[PDB]
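Adding 27 to a residue's 1-based position in the sequence shown gives its number in the deposited numbering.
One structure is given below, encoded as structure tokens.
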Amino acid sequence: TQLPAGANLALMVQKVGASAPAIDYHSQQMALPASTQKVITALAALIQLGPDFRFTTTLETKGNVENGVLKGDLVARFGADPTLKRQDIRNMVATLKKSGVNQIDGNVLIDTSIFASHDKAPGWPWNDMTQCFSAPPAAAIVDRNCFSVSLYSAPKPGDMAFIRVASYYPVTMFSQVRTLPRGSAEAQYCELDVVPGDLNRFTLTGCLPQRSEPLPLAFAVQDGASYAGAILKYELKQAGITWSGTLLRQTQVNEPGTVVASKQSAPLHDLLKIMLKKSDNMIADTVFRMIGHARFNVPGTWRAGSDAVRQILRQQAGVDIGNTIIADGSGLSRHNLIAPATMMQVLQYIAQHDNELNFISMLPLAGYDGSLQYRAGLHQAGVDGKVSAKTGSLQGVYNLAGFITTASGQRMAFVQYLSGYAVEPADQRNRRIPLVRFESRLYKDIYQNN
Ligand SMILES: *C(=O)[C@@H](NC(=O)[C@H](N)c1ccccc1)[C@@H]1N[C@@H](C(=O)O)C(C)(C)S1
Numbered sequence: 028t029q030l031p032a033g034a035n036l037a038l039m040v041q042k043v044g045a046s047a048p049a050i051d052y053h054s055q056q057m058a059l060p061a062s063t064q065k066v067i068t069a070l071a072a073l074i075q076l077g078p079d080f081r082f083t084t085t086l087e088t089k090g091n092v093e094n095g096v097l098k099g100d101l102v103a104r105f106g107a108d109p110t111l112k113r114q115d116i117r118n119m120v121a122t123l124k125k126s127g128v129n130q131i132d133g134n135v136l137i138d139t140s141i142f143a144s145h146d147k148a149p150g151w152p153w154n155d156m157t158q159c160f161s162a163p164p165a166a167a168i169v170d171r172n173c174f175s176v177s178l179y180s181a182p183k184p185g186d187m188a189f190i191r192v193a194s195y196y197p198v199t200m201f202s203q204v205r206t207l208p209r210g211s212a213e214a215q216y217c218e219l220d221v222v223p224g225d226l227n228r229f230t231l232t233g234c235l236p237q238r239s240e241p242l243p244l245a246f247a248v249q250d251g252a253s254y255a256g257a258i259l260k261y262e263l264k265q266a267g268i269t270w271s272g273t274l275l276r277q278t279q280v281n282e283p284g285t286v287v288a289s290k291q292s293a294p295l296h297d298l299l300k301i302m303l304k305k306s307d308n309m310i311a312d313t314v315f316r317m318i319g320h321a322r323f324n325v326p327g328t329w330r331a332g333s334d335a336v337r338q339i340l341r342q343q344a345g346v347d348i349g350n351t352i353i354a355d356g357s358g359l360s361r362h363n364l365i366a367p368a369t370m371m372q373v374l375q376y377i378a379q380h381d382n383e384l385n386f387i388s389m390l391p392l393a394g395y396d397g398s399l400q401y402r403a404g405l406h407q408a409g410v411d412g413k414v415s416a417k418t419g420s421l422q423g424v425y426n427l428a429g430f431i432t433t434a435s436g437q438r439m440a441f442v443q444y445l446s447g448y449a450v451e452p453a454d455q456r457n458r459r460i461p462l463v464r465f466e467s468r469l470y471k472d473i474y475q476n477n
């Protein structure tokens with residue numbers, strides 16, 4: 028129990044298939060799940076979409092092709108594939124050319140109709156939206172909608188710091204950054220900021236102290252449709268395909284044209300494995316809106332995703348999540364709220380159906396992979412290779428949800444929702460001892476005593 032001052036612990040530990048818990052500490056109390064939400068996303072995804080689902084992107088033609096000229100529109104139909112790469116667009120364009128299209132007497136349509144409404148879930152902090160871990164998981168993703176930039180201080184203080192960016196990234200960078208002399212009075216409270224604008228404009232503002240080396244930065248693309256469009260436009264031009272119209276967005280549901288090129292992701296089981304092992308927000312959130320699209324046959328939205336996951340858990344898994352709030356697939360949202368006792372029902376379902384789902388093998392294994400390769404507390408408890416669990420991690424939050432095989436060989440499911448492991452400013456970069464000692468004793472206890 029003895030953690031630092033002010034932290035909030037809800038904890039439940041329960042033998043697989045048992046009706047009573049071994050440990051029950053505030054298990055009914057709802058908490059922020061953070062990335063442990065991905066356990067629920069993966070279960071709902073496997074039930075709704077199946078392990079063999081693949082994300083799809085196509086180039087389609089609407090119109091007849093006469094002497095190499097398409098009389099009509101080229102449609103690039105995006106499908107929320109989180110693994111789509113620039114190369115993939117290049118290869119699809121190569122295929123289009125090879126099929127005999129040299130020219131489009133028409134428009135080039137960037138079709139995102141698979142999804143609708145905002146590409147950002149309710150409850151996501153605005154300030155993180157330009158960080159790649161929170162890049163809007165839109166229908167149109169290329170290279171994870173994340174790009175990098177180099178910021179160089181100016182040789183002469185007072186002059187503008189300047190930005191280098193690879194020419195192939197269709198973004199527009201502006202610097203309003205003032206370079207500060209060493210010892211400037213401004214260093215303390217002058218911030219270095221990124222301000223996103225329309226059409227993938229970014230302005231860097233504020234101050235940068237002199238440095239000998241450039242500062243590397245990575246940012247999230249805010250308008251994936253425009254970004255993918257510019258990549259497509261560039262690849263069309265390089266392949267020698269001309270067009271008379273313009274690049275337009277297509278957002279309304281429409282009958283497919285003739286598929287001339289396509290790309291499918293790896294199978295969903297493989298993607299869910301990456302997601303659980305590495306805690307991939309983008310895979311979780313593209314999956315989440317896909318679940319709603321599939322279940323209700325409507326463009327995927329956050330609301331449809333939430334409704335669908337609740338229905339799938341109740342109807343296929345027998346889990347009534349009650350007053351649980353599910354806002355997204357990744358757990359980014361500060362709106363997500365769930366009790367250890369509700370997550371426990373999910374974990375029990377997974378364990379009972381694990382031979383069907385092949386689910387537990389996707390979770391990080393303590394001491395081997397993903398997020399638990401070295402978790403000090405688990406290592407020190409002597410439980411490496413005995414815990415398969417999903418982390419939920421952000422400032423002051425140390426959640427864990429999954430399974431442990433005990434000294435007697437009994438498998439137990441557990442949920443540790445721990446937050447407010449906040450520290451005073453003067454110790455903010457050190458916060459470890461109590462957690463590690465707590466986890467070491469706890470999982471040692473659970474392991475040895477069960
Ligand atoms: C799940 O809890 C996710 N956490 C976040 O997105 C946090 N906003 C965050 C924490 C630290 C750094 C950047 C973002 C995922 N789990 C994290 C983890 O496993 O450490 C993550 C960084 C891979 S994102």
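A virtual CB, placed ideally from N, CA and C, is assigned to each residue, including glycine.
When you measure from the CB of residue i to every non-hydrogen atom of ligand 1, does any distance come out below 7 angstroms?
i                 : result
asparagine 308    : yes
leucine 359       : yes
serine 62         : yes
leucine 421       : yes
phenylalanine 246 : no
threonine 418     : yes
residue 521       : As displayed, the chain neither begins before 28 nor continues past 477, which places residue 521 out of reach and without an answer.
residue 486       : This structure does not reach residue 486, given that the chain is present from 28 up to 477, and the question cannot be answered.
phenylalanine 430 : no
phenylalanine 315 : no
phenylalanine 160 : yes
Return the Cβ separation of residue i and residue j in integer angstroms, given the expectation that the two are a contact with Cβ distance under 8 angstroms.
i              : j              : result
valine 336     : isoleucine 318 : 6 angstroms
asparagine 129 : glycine 95     : 4 angstroms
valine 43      : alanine 440    : 6 angstroms
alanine 167    : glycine 251    : 4 angstroms
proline 60     : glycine 394    : Rounded, the Cβ-Cβ distance is 24 angstroms, inconsistent with contact.
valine 424     : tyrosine 448   : 7 angstroms
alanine 416    : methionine 370 : With 8 angstroms as the limit, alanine 416 and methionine 370 do not qualify as a contact, their Cβ atoms being about 11 angstroms apart.
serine 202     : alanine 188    : 6 angstroms
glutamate 87   : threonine 285  : 6 angstroms
Residue i by DSSP, collapsed to three states: which one?
i                 : result
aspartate 347     : coil
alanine 181       : coil
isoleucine 116    : helix
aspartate 312     : helix
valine 43         : coil
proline 241       : coil
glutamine 277     : strand
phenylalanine 323 : helix
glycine 419       : strand
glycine 90        : strand
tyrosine 444      : strand
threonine 83      : strand
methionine 57     : coil
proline 152       : coil
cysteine 217      : coil
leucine 392       : strand
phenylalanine 430 : strand
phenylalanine 105 : coil
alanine 165       : coil
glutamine 29      : coil
What's the call for residue i, buried or exposed, on a 16-neighbour Cβ count within 10 Å?
i              : result
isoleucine 460 : exposed
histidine 145  : exposed
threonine 273  : exposed
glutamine 443  : buried
residue 18     : One cannot answer for residue 18 here, as it falls past the ends of the chain, which runs 28 to 477.
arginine 191   : exposed
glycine 349    : exposed
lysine 304     : buried
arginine 456   : exposed
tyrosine 376   : buried
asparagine 476 : exposed
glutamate 213  : exposed
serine 46      : exposed
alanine 408    : buried
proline 208    : exposed
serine 292     : buried
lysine 147     : buried
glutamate 93   : exposed
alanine 245    : exposed
residue 8      : It is not possible to answer for residue 8, since the shown part of the chain is limited to 28 through 477.
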